[PDB]
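Source file: work_26.pdb (PDB, C-alpha atoms and all ligand atoms)
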ATOM      1  CA  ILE A  21     107.524  95.074 125.202
ATOM      2  CA  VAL A  22     105.633  96.593 128.137
ATOM      3  CA  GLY A  23     104.272  94.275 130.831
ATOM      4  CA  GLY A  24     105.841  91.119 129.453
ATOM      5  CA  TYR A  25     108.441  88.613 130.646
ATOM      6  CA  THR A  26     111.970  87.537 129.911
ATOM      7  CA  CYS A  27     111.650  84.942 127.134
ATOM      8  CA  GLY A  28     114.706  82.888 127.971
ATOM      9  CA  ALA A  29     117.727  82.604 125.742
ATOM     10  CA  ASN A  30     117.053  81.349 122.235
ATOM     11  CA  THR A  31     113.495  80.240 123.101
ATOM     12  CA  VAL A  32     112.299  82.406 120.178
ATOM     13  CA  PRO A  33     114.820  81.159 117.617
ATOM     14  CA  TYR A  34     113.188  82.896 114.616
ATOM     15  CA  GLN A  35     113.494  86.339 116.258
ATOM     16  CA  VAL A  36     116.090  88.609 114.647
ATOM     17  CA  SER A  37     117.454  92.018 115.520
ATOM     18  CA  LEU A  38     118.069  94.454 112.688
ATOM     19  CA  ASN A  39     121.201  96.497 113.308
ATOM     20  CA  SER A  40     122.511  99.626 111.592
ATOM     21  CA  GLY A  41     125.146 100.415 114.171
ATOM     22  CA  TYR A  42     122.496  99.847 116.878
ATOM     23  CA  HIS A  43     119.372  97.744 117.224
ATOM     24  CA  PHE A  44     116.440  99.479 115.559
ATOM     25  CA  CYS A  45     113.791  96.858 114.692
ATOM     26  CA  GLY A  46     112.903  93.221 114.958
ATOM     27  CA  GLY A  47     112.163  90.668 112.262
ATOM     28  CA  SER A  48     111.326  87.051 111.739
ATOM     29  CA  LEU A  49     113.438  84.397 109.969
ATOM     30  CA  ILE A  50     111.210  82.545 107.469
ATOM     31  CA  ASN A  51     113.908  80.390 105.809
ATOM     32  CA  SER A  52     117.678  80.326 105.753
ATOM     33  CA  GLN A  53     117.959  83.379 103.488
ATOM     34  CA  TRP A  54     114.953  85.595 104.214
ATOM     35  CA  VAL A  55     113.592  87.763 107.039
ATOM     36  CA  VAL A  56     110.140  89.310 107.220
ATOM     37  CA  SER A  57     109.944  92.716 108.934
ATOM     38  CA  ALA A  58     107.858  95.905 108.783
ATOM     39  CA  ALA A  59     108.240  98.193 105.773
ATOM     40  CA  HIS A  60     108.466 101.130 108.211
ATOM     41  CA  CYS A  61     111.745  99.539 109.377
ATOM     42  CA  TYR A  62     113.325  99.990 105.925
ATOM     43  CA  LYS A  63     116.772 101.521 105.721
ATOM     44  CA  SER A  64     119.974 100.845 103.871
ATOM     45  CA  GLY A  65     122.933  99.106 105.482
ATOM     46  CA  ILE A  66     121.073  96.500 107.528
ATOM     47  CA  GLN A  67     122.922  93.761 109.362
ATOM     48  CA  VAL A  68     120.670  90.887 110.491
ATOM     49  CA  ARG A  69     121.546  89.456 113.895
ATOM     50  CA  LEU A  70     120.288  85.910 114.505
ATOM     51  CA  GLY A  71     120.701  83.778 117.642
ATOM     52  CA  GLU A  72     120.506  86.831 119.959
ATOM     53  CA  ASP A  73     119.464  86.956 123.587
ATOM     54  CA  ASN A  74     121.417  89.853 125.141
ATOM     55  CA  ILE A  75     121.866  92.227 122.191
ATOM     56  CA  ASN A  76     124.690  94.102 123.990
ATOM     57  CA  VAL A  77     126.925  91.082 124.726
ATOM     58  CA  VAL A  78     128.325  88.479 122.389
ATOM     59  CA  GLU A  79     127.223  85.266 124.179
ATOM     60  CA  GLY A  80     128.227  82.652 121.664
ATOM     61  CA  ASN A  81     125.265  81.675 119.525
ATOM     62  CA  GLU A  82     124.961  84.665 117.275
ATOM     63  CA  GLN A  83     125.112  84.854 113.526
ATOM     64  CA  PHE A  84     125.632  88.358 112.071
ATOM     65  CA  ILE A  85     124.835  88.466 108.373
ATOM     66  CA  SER A  86     124.540  91.541 106.196
ATOM     67  CA  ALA A  87     121.469  92.108 104.069
ATOM     68  CA  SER A  88     122.022  91.947 100.291
ATOM     69  CA  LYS A  89     118.649  93.410  99.356
ATOM     70  CA  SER A  90     115.425  94.622 100.912
ATOM     71  CA  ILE A  91     112.006  94.571  99.191
ATOM     72  CA  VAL A  92     109.230  96.772 100.561
ATOM     73  CA  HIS A  93     105.693  95.720  99.716
ATOM     74  CA  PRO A  94     104.636  97.368  96.423
ATOM     75  CA  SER A  95     101.558  98.883  98.037
ATOM     76  CA  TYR A  96     103.092 100.038 101.319
ATOM     77  CA  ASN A  97     101.719 103.395 102.412
ATOM     78  CA  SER A  98     103.839 104.987 105.116
ATOM     79  CA  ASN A  99     101.028 107.461 105.945
ATOM     80  CA  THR A 100      98.430 104.836 106.802
ATOM     81  CA  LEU A 101     100.800 101.940 107.414
ATOM     82  CA  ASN A 102      98.707  99.808 105.069
ATOM     83  CA  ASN A 103     100.780  96.864 103.817
ATOM     84  CA  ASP A 104     103.513  97.394 106.451
ATOM     85  CA  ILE A 105     105.697  94.451 105.384
ATOM     86  CA  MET A 106     109.168  94.034 103.950
ATOM     87  CA  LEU A 107     111.424  91.141 102.970
ATOM     88  CA  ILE A 108     115.163  91.241 103.719
ATOM     89  CA  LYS A 109     117.537  88.827 101.996
ATOM     90  CA  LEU A 110     120.692  87.627 103.735
ATOM     91  CA  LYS A 111     123.972  87.795 101.848
ATOM     92  CA  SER A 112     124.688  84.194 102.921
ATOM     93  CA  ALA A 113     122.360  81.539 104.303
ATOM     94  CA  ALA A 114     121.957  81.239 108.047
ATOM     95  CA  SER A 115     122.863  77.991 109.709
ATOM     96  CA  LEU A 116     119.674  76.482 111.159
ATOM     97  CA  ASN A 117     119.940  74.555 114.536
ATOM     98  CA  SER A 118     117.957  74.838 117.807
ATOM     99  CA  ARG A 119     119.099  78.406 118.567
ATOM    100  CA  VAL A 120     118.398  79.690 115.049
ATOM    101  CA  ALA A 121     115.330  78.395 113.243
ATOM    102  CA  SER A 122     112.744  79.593 110.789
ATOM    103  CA  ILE A 123     109.060  80.227 111.543
ATOM    104  CA  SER A 124     106.353  78.916 109.228
ATOM    105  CA  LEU A 125     104.099  81.156 107.205
ATOM    106  CA  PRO A 126     100.425  80.662 107.890
ATOM    107  CA  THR A 127      97.924  78.696 105.809
ATOM    108  CA  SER A 128      94.943  80.427 107.225
ATOM    109  CA  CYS A 129      94.378  83.663 109.062
ATOM    110  CA  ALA A 130      94.272  83.483 112.857
ATOM    111  CA  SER A 131      91.066  83.749 114.841
ATOM    112  CA  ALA A 132      89.877  86.488 117.192
ATOM    113  CA  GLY A 133      90.615  85.462 120.792
ATOM    114  CA  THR A 134      93.700  83.407 119.887
ATOM    115  CA  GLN A 135      96.639  83.965 122.211
ATOM    116  CA  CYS A 136      99.789  84.872 120.393
ATOM    117  CA  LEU A 137     103.416  85.408 121.334
ATOM    118  CA  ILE A 138     104.900  88.854 120.631
ATOM    119  CA  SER A 139     108.591  89.455 121.240
ATOM    120  CA  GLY A 140     111.271  92.114 120.970
ATOM    121  CA  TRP A 141     113.975  94.320 122.434
ATOM    122  CA  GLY A 142     111.808  97.454 122.498
ATOM    123  CA  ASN A 143     110.963  99.851 125.294
ATOM    124  CA  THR A 144     109.533  98.276 128.434
ATOM    125  CA  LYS A 145     107.789 101.413 129.796
ATOM    126  CA  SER A 146     104.338 102.802 128.979
ATOM    127  CA  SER A 147     105.512 106.159 130.395
ATOM    128  CA  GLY A 148     109.129 107.005 129.830
ATOM    129  CA  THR A 149     111.926 104.898 128.467
ATOM    130  CA  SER A 150     113.862 101.828 129.385
ATOM    131  CA  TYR A 151     115.414  99.395 126.867
ATOM    132  CA  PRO A 152     116.120  95.805 127.924
ATOM    133  CA  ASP A 153     119.165  93.839 127.033
ATOM    134  CA  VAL A 154     117.563  90.431 126.748
ATOM    135  CA  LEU A 155     114.626  89.462 124.612
ATOM    136  CA  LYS A 156     111.190  90.108 126.079
ATOM    137  CA  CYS A 157     107.986  88.231 125.403
ATOM    138  CA  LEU A 158     104.290  88.947 125.737
ATOM    139  CA  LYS A 159     101.265  86.639 125.465
ATOM    140  CA  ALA A 160      98.400  88.645 123.935
ATOM    141  CA  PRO A 161      95.052  87.771 122.308
ATOM    142  CA  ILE A 162      93.832  88.848 118.970
ATOM    143  CA  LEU A 163      90.961  91.338 119.394
ATOM    144  CA  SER A 164      87.757  91.366 117.366
ATOM    145  CA  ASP A 165      87.735  93.506 114.207
ATOM    146  CA  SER A 166      84.941  95.557 115.753
ATOM    147  CA  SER A 167      86.935  96.329 118.920
ATOM    148  CA  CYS A 168      89.995  97.138 116.783
ATOM    149  CA  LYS A 169      87.988  99.519 114.620
ATOM    150  CA  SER A 170      86.427 101.159 117.633
ATOM    151  CA  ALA A 171      89.866 101.770 119.092
ATOM    152  CA  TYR A 172      91.204 103.326 115.840
ATOM    153  CA  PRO A 173      88.248 104.680 113.920
ATOM    154  CA  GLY A 174      88.864 105.186 110.226
ATOM    155  CA  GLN A 175      92.367 103.627 110.385
ATOM    156  CA  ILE A 176      92.108  99.822 110.426
ATOM    157  CA  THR A 177      92.338  98.131 107.045
ATOM    158  CA  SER A 178      91.770  94.483 106.129
ATOM    159  CA  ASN A 179      95.570  94.144 106.260
ATOM    160  CA  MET A 180      95.714  94.887 110.011
ATOM    161  CA  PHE A 181      94.584  93.320 113.234
ATOM    162  CA  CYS A 182      94.729  94.402 116.868
ATOM    163  CA  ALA A 183      96.110  92.309 119.696
ATOM    164  CA  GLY A 184      96.623  93.037 123.392
ATOM    165  CA  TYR A 185      94.576  94.415 126.252
ATOM    166  CA  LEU A 186      92.097  97.299 126.165
ATOM    167  CA  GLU A 187      92.735  97.902 129.876
ATOM    168  CA  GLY A 188      96.321  98.831 129.139
ATOM    169  CA  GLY A 189      99.528  97.661 130.768
ATOM    170  CA  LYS A 190     100.706  95.050 128.277
ATOM    171  CA  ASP A 191     101.774  95.859 124.704
ATOM    172  CA  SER A 192     104.500  96.051 122.115
ATOM    173  CA  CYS A 193     106.434  99.319 121.926
ATOM    174  CA  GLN A 194     109.094 101.336 120.104
ATOM    175  CA  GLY A 195     111.947  99.108 119.059
ATOM    176  CA  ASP A 196     109.725  96.007 118.788
ATOM    177  CA  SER A 197     108.604  97.171 115.340
ATOM    178  CA  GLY A 198     109.011  94.588 112.606
ATOM    179  CA  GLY A 199     109.089  91.660 115.035
ATOM    180  CA  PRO A 200     106.861  88.631 115.187
ATOM    181  CA  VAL A 201     103.393  87.870 116.365
ATOM    182  CA  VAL A 202     103.239  84.052 116.418
ATOM    183  CA  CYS A 203      99.942  82.232 116.890
ATOM    184  CA  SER A 204      99.585  78.466 116.833
ATOM    185  CA  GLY A 205     103.210  78.154 115.701
ATOM    186  CA  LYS A 206     102.876  80.348 112.593
ATOM    187  CA  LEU A 207     103.817  83.934 111.837
ATOM    188  CA  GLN A 208     100.507  85.786 111.810
ATOM    189  CA  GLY A 209     101.537  89.342 112.546
ATOM    190  CA  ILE A 210     104.283  91.962 112.345
ATOM    191  CA  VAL A 211     104.631  94.655 115.052
ATOM    192  CA  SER A 212     103.401  97.701 113.126
ATOM    193  CA  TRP A 213     101.821 100.635 114.995
ATOM    194  CA  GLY A 214      99.475 101.941 117.637
ATOM    195  CA  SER A 215      99.095 105.043 119.819
ATOM    196  CA  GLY A 216     101.792 104.910 122.422
ATOM    197  CA  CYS A 217     102.360 101.714 124.359
ATOM    198  CA  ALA A 218     100.073  99.972 126.828
ATOM    199  CA  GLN A 219      97.608 102.833 126.976
ATOM    200  CA  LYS A 220      93.980 102.208 127.727
ATOM    201  CA  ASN A 221      91.868 101.561 124.649
ATOM    202  CA  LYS A 222      94.856 101.720 122.323
ATOM    203  CA  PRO A 223      96.014  98.162 121.650
ATOM    204  CA  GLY A 224      98.774  97.231 119.312
ATOM    205  CA  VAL A 225      98.155  97.076 115.559
ATOM    206  CA  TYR A 226      99.816  94.315 113.569
ATOM    207  CA  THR A 227     100.309  93.633 109.864
ATOM    208  CA  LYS A 228      98.073  90.673 108.877
ATOM    209  CA  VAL A 229     100.695  88.270 107.436
ATOM    210  CA  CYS A 230      98.179  85.767 106.057
ATOM    211  CA  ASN A 231      97.249  88.302 103.368
ATOM    212  CA  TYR A 232     100.821  88.392 102.109
ATOM    213  CA  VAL A 233     101.779  84.713 101.725
ATOM    214  CA  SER A 234     101.344  84.784  97.938
ATOM    215  CA  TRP A 235     103.492  87.913  97.586
ATOM    216  CA  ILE A 236     106.157  86.440  99.898
ATOM    217  CA  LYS A 237     106.320  83.156  98.012
ATOM    218  CA  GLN A 238     106.433  84.802  94.615
ATOM    219  CA  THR A 239     109.075  87.276  95.732
ATOM    220  CA  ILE A 240     111.405  84.724  97.241
ATOM    221  CA  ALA A 241     111.045  82.552  94.134
ATOM    222  CA  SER A 242     112.500  85.317  92.019
ATOM    223  CA  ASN A 243     115.053  87.116  94.183
TER
HETATM  224  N1  LIG B   1      86.683 108.944 109.938
HETATM  225  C1  LIG B   1      86.859 107.985 110.872
HETATM  226  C2  LIG B   1      86.295 108.140 112.165
HETATM  227  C3  LIG B   1      84.996 107.596 112.477
HETATM  228  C4  LIG B   1      84.352 107.748 113.738
HETATM  229  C5  LIG B   1      85.017 108.384 114.805
HETATM  230  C6  LIG B   1      86.290 108.917 114.536
HETATM  231  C7  LIG B   1      86.915 108.819 113.255
HETATM  232  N1  LIG B   2     102.018  99.797 121.031
HETATM  233  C1  LIG B   2     102.093  99.390 119.665
HETATM  234  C2  LIG B   2     103.276  99.928 119.027
HETATM  235  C3  LIG B   2     104.324  99.085 118.543
HETATM  236  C4  LIG B   2     105.450  99.583 117.873
HETATM  237  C5  LIG B   2     105.742 100.894 117.707
HETATM  238  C6  LIG B   2     104.705 101.773 118.153
HETATM  239  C7  LIG B   2     103.574 101.270 118.857
HETATM  240 CA    CA B   3     124.310  88.742 122.006
END
Whole structure given in structure tokens:
Amino acid sequence: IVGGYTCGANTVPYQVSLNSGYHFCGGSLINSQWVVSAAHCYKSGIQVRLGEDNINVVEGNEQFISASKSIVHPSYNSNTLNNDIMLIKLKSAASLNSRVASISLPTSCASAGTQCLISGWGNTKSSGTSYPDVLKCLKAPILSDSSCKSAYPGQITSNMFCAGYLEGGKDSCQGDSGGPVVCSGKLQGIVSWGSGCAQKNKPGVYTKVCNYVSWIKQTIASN
């Protein structure tokens, strides 16, 4: 997260870190057994880390639980990033309390202009590289479809929305991928792609979770 703020420990209790020997992506806990992340975060051997603030220090509220299975969206296209969503099942249920909690799926799609909360352990620099230890947060509005399309001509599908700041300075970045965009208390987006971080006229692009609720519910009912 570039241009954001320190969230505060366990103030984003649905935020997970995906670890394969190192942090590589975020995710969102949607019930005691399931995480939603980006399909471009897929890999084998995932350990889900819940209850994290500093990802480099064991502070006392963590739960580390291995994934038993991952399910990439059946129509994910890694070229276009259309349908950039994945479900990850935990080998054992998480214990839910104030420091670890699920986030609700949306009922309706979020509105242009709505401020949302984006979070992650990704790079904090637009130019160059610096990774934080503690979870970072960013308040960012959803942009109009027309401004999103103008920023990325020919690339925005109905399964994507833009959020952030056309002037630059404030955005998600590498290592935030797969993490949450929460608007009005519901999971509306997944950190998906863009062109760099915090560059002018290149806002972040987010998977539009409201399009996927049916697939999520059906999948978790059978796996
Ligand atoms: N083919 C998409 C596109 C449209 C206008 C400008 C650039 C790219
Ligand atoms: N600046 C949007 C973005 C997020 C994740 C990875 C690449 C780019
Ligand atoms: Ca920790």
A:173, A:71, A:140, A:200 ranked by distance to ligand LIG 1 (chain B), top pick (using all atoms listed in the file): A:173
Can you pull out every residue with an atom within 10 Å of ligand LIG 2 (chain B)? Use all atoms listed in the file and format it as a PDB file with C-alpha atoms, keeping the file's coordinate frame.
ATOM      1  CA  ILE A  21     107.524  95.074 125.202  1.00  0.00           C
ATOM      2  CA  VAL A  22     105.633  96.593 128.137  1.00  0.00           C
ATOM      3  CA  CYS A  45     113.791  96.858 114.692  1.00  0.00           C
ATOM      4  CA  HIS A  60     108.466 101.130 108.211  1.00  0.00           C
ATOM      5  CA  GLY A 140     111.271  92.114 120.970  1.00  0.00           C
ATOM      6  CA  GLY A 142     111.808  97.454 122.498  1.00  0.00           C
ATOM      7  CA  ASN A 143     110.963  99.851 125.294  1.00  0.00           C
ATOM      8  CA  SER A 146     104.338 102.802 128.979  1.00  0.00           C
ATOM      9  CA  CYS A 182      94.729  94.402 116.868  1.00  0.00           C
ATOM     10  CA  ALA A 183      96.110  92.309 119.696  1.00  0.00           C
ATOM     11  CA  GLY A 184      96.623  93.037 123.392  1.00  0.00           C
ATOM     12  CA  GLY A 188      96.321  98.831 129.139  1.00  0.00           C
ATOM     13  CA  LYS A 190     100.706  95.050 128.277  1.00  0.00           C
ATOM     14  CA  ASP A 191     101.774  95.859 124.704  1.00  0.00           C
ATOM     15  CA  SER A 192     104.500  96.051 122.115  1.00  0.00           C
ATOM     16  CA  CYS A 193     106.434  99.319 121.926  1.00  0.00           C
ATOM     17  CA  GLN A 194     109.094 101.336 120.104  1.00  0.00           C
ATOM     18  CA  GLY A 195     111.947  99.108 119.059  1.00  0.00           C
ATOM     19  CA  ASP A 196     109.725  96.007 118.788  1.00  0.00           C
ATOM     20  CA  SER A 197     108.604  97.171 115.340  1.00  0.00           C
ATOM     21  CA  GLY A 198     109.011  94.588 112.606  1.00  0.00           C
ATOM     22  CA  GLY A 199     109.089  91.660 115.035  1.00  0.00           C
ATOM     23  CA  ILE A 210     104.283  91.962 112.345  1.00  0.00           C
ATOM     24  CA  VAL A 211     104.631  94.655 115.052  1.00  0.00           C
ATOM     25  CA  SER A 212     103.401  97.701 113.126  1.00  0.00           C
ATOM     26  CA  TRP A 213     101.821 100.635 114.995  1.00  0.00           C
ATOM     27  CA  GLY A 214      99.475 101.941 117.637  1.00  0.00           C
ATOM     28  CA  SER A 215      99.095 105.043 119.819  1.00  0.00           C
ATOM     29  CA  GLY A 216     101.792 104.910 122.422  1.00  0.00           C
ATOM     30  CA  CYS A 217     102.360 101.714 124.359  1.00  0.00           C
ATOM     31  CA  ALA A 218     100.073  99.972 126.828  1.00  0.00           C
ATOM     32  CA  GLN A 219      97.608 102.833 126.976  1.00  0.00           C
ATOM     33  CA  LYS A 222      94.856 101.720 122.323  1.00  0.00           C
ATOM     34  CA  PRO A 223      96.014  98.162 121.650  1.00  0.00           C
ATOM     35  CA  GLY A 224      98.774  97.231 119.312  1.00  0.00           C
ATOM     36  CA  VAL A 225      98.155  97.076 115.559  1.00  0.00           C
ATOM     37  CA  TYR A 226      99.816  94.315 113.569  1.00  0.00           C
TER      38      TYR A 226
END
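In this structure, CA of residue 32 (chain A) sits 23.1 Å away from CA of residue 163 (chain A).
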Nearby residues, ligand CA 3 (chain B), 8 Å, all atoms listed in the file, as a list in words: residues 71, 72, 73, 74, 75, 76, 77, 78, 79, 80, 81 and 82 of chain A
Protein, DNA and RNA residues within 8 Å of (115.7, 98.3, 108.4), all atoms listed in the file, as a list in words: residues 38, 39, 40, 44, 45, 59, 60, 61, 62, 63, 64, 65 and 66 of chain A
Protein/DNA/RNA residues near (94.4, 106.6, 105.8), cut 10 Å, only C-alpha atoms, as a ChimeraX atom specification: /A:97-102,174-177
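Evaluated against this file, the PyMOL selection byres (((chain A and resi 122-126) around 8) and not hetatm) yields residues 33, 34, 48, 49, 50, 51, 52, 116, 120, 121, 127, 128, 129, 205, 206, 207, 208, 229, 230 and 233 of chain A.
Considering the residues A:235, A:42, A:172, A:185 and counting all atoms listed in the file, ligand LIG 1 (chain B) has its shortest atom-to-atom contact with A:172.
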Around all the atoms of region 138-155 of chain A listed in the file, draw an axis-aligned box and extend it by 6 Å on each of the six sides; I want its centre and edge lengths in Å to one decimal, as AutoDock Vina command-line options.
--center_x 111.8 --center_y 97.9 --center_z 125.5 --size_x 26.8 --size_y 30.2 --size_z 21.8
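CA of residue 138 (chain A) sits 11.7 Å away from CA of residue 26 (chain A).
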Pairwise distance for CA of residue 88 (chain A) and CA of residue 209 (chain A), rounded to one decimal in Å: 24.0 Å
Matched chain/residue IDs from the PyMOL selection byres (((chain A and resi 69) around 6) and not hetatm), as JSON, numbers by chain: {"A": [36, 37, 68, 70, 83, 84]}
